[PDB]
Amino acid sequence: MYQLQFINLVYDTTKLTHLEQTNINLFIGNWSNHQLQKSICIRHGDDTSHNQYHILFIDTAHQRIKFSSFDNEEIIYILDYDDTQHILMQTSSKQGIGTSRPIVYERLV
């Protein structure tokens, strides 16, 4: 069995440009990494969701979003669009020097 991380992104589309919304939407879905036996379920949640994360930055030029959870504000998640069936997830410590390898996740179905 795999480990499953739920990422409920909480944000208000009325406040975003069409390009910002298009970029966030690139990441919505279910994704897996076989080497780590780990899967991620990325959804647009709401304020009563569990596993909430808030958006720190949307980089439309590079197709990348940064976000963090209220559970641990000291870790920043960075998602990068790779292609139609793959994204890259990276984590970085907010304090100190330390940033993971981008981890490739492939689209579940």
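Just count from 1 along the sequence shown to find any residue number.
> Taking the values exactly as deposited, rank residue 57 by C-alpha B-factor within its chain and report the matching third: lowest, middle or highest.
Middle third.
> Quick check on the deposited entry: does the C-alpha B-factor of residue 93 sit in the lowest, middle or highest third of its chain?
Within its chain, residue 93 is a highest-third residue by C-alpha B-factor, going by the deposited values.
> Split into thirds by Cα B-factor across the chain's modelled residues, where does residue 68 land: lowest, middle or highest?
Middle third.
> Within this chain, which third does the Cα B-factor at residue 105 fall in: lowest, middle or highest?
For residue 105, the deposited C-alpha B-factor lands in the middle third.
> Where does residue 32 sit by CA temperature factor within its chain: lowest, middle or highest third?
Answer is middle: the recorded C-alpha B-factor places it there.
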